[PDB]
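Undergrad: Before the rest arrives, take these chains from my complex:
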Amino acid sequence: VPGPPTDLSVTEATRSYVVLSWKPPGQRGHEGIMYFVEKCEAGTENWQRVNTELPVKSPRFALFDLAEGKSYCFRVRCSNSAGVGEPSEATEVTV
């Protein structure tokens, strides 16, 4: 049996969690689908992709510790081997 852990420390911080969710399209393409999430600040008009470690294979996504007091818009597009499709309608959230 192992020994006990030591120097256990617990700290507390206020953070933000944003959860996105959507339905897949009716026109799914010739094969399986993959999702790419894009982000844009309320001020700018600059849509930037949220790059990921893993392919977003489920129609849901989450973001941790977005800047507090800032407002964002999000939109999702689908990707095949054929190409990247047109974006969804955007939805706004304030952190």
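TA: Nice, I can see it. Numbers count the residues shown, from 1 in each chain, chains lettered A, B, ... in the order given.
Undergrad: Tell me how far stretch A:61-79 lies from the chain's centre.
TA: 6 Å (C-alpha atoms, centre = their mean, to the nearest Å).
Undergrad: nope, stretch A:86-95 is what I was after
TA: Distance of stretch A:86-95 from the chain centroid (C-alpha atoms, centre = their mean) equals 11 Å.
Undergrad: go on, stretch A:49-62?
TA: Offset of stretch A:49-62 from its chain centre (C-alpha atoms, centre = their mean): 6 Å.
Undergrad: Endpoints of it, how far apart?
TA: End-to-end distance for stretch A:49-62, by C-alpha to C-alpha, to the nearest Å: 14 Å.
Undergrad: likewise stretch A:66-74?
TA: For stretch A:66-74, the first-to-last residue distance is 13 Å (C-alpha to C-alpha).
Undergrad: What of stretch A:1-11?
TA: Stretch A:1-11 has its terminal residues 29 Å apart, counting by C-alpha to C-alpha.
Undergrad: Quick check: buried residues in it?
TA: Within stretch A:1-11, no residue qualifies as buried by neighbour count (16 or more other C-beta atoms under 10 Å). (Each C-beta comes from the backbone N, C-alpha and C, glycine too.)
Undergrad: Stretch A:10-20 now?
TA: Neighbour-count burial for stretch A:10-20, counted by 16+ other C-beta under 10 Å, picks out residue A:20.
Undergrad: Chain B goes on too:
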Amino acid sequence: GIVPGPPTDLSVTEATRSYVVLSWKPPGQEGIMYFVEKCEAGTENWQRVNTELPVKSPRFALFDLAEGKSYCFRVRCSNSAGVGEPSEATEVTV
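TA: Chain B goes in next, on the same frame as the chains above:
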């Protein structure tokens, strides 16, 4: 090939709350995993913090602890042999 259509019905929910981060040092003791235990500041009712994945690293975090409540935490190490004795507890107020 045929490019897919656009997703629909995008919806977003957001929560700002207190985020609790734990960290500890491994004991002087093959593959090991950790079991986290929780109890309110009245340190009587120790409950195991169940996880979706085994805790293989000396760190853990929780994002939805009850605000305004005080908790105590303690960690145990686990081998293929068994589960060892717990660490000293540490308190946090969220």
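Undergrad: and the buried residues of stretch A:10-20, now that chain B is part of it?
TA: Neighbour-count burial for stretch A:10-20, counted by 16 or more other C-beta atoms under 10 Å in any protein chain shown, picks out A:10, A:15-18, A:20.
Undergrad: neighbouring contacts of that stretch?
TA: With contact meaning C-beta atoms under 8 Å, 6 or more residues apart in numbering or on different chains, stretch A:10-20 is reached by A:37, A:60-66, A:68, A:72, A:74, A:76, A:93, A:95, B:10-23, B:63, B:73, B:90-94.
Undergrad: Strands - which of the buried residues of stretch A:10-20 land there?
TA: Here DSSP state E is the test, and the buried residues of stretch A:10-20 give A:10, A:15-18, A:20 as lying in strands.
Undergrad: Show me the two of the residues you listed that sit farthest apart.
TA: A:10 and A:20 (29.9 Å; C-beta to C-beta).
Undergrad: My guess is residue A:47 contacts residue A:77. True?
TA: No. Using C-beta atoms under 8 Å, residue A:47 makes no contact with residue A:77, being 10.2 Å away.
Undergrad: Neighbour count for those two, which is higher?
TA: Neighbours per residue, other C-beta atoms under 10 Å in any protein chain shown: of residue A:47 and residue A:77, the larger number sits with residue A:77, 21 against 14.
Undergrad: Report the beta-bridge partners for the more buried one.
TA: Beta-bridge partners for residue A:77, by DSSP bridges, are residue A:36.
Undergrad: is it true that it touches residue A:89?
TA: No. Contact criterion C-beta under 8 Å: residue A:77 and residue A:89 do not qualify, at 11.5 Å.
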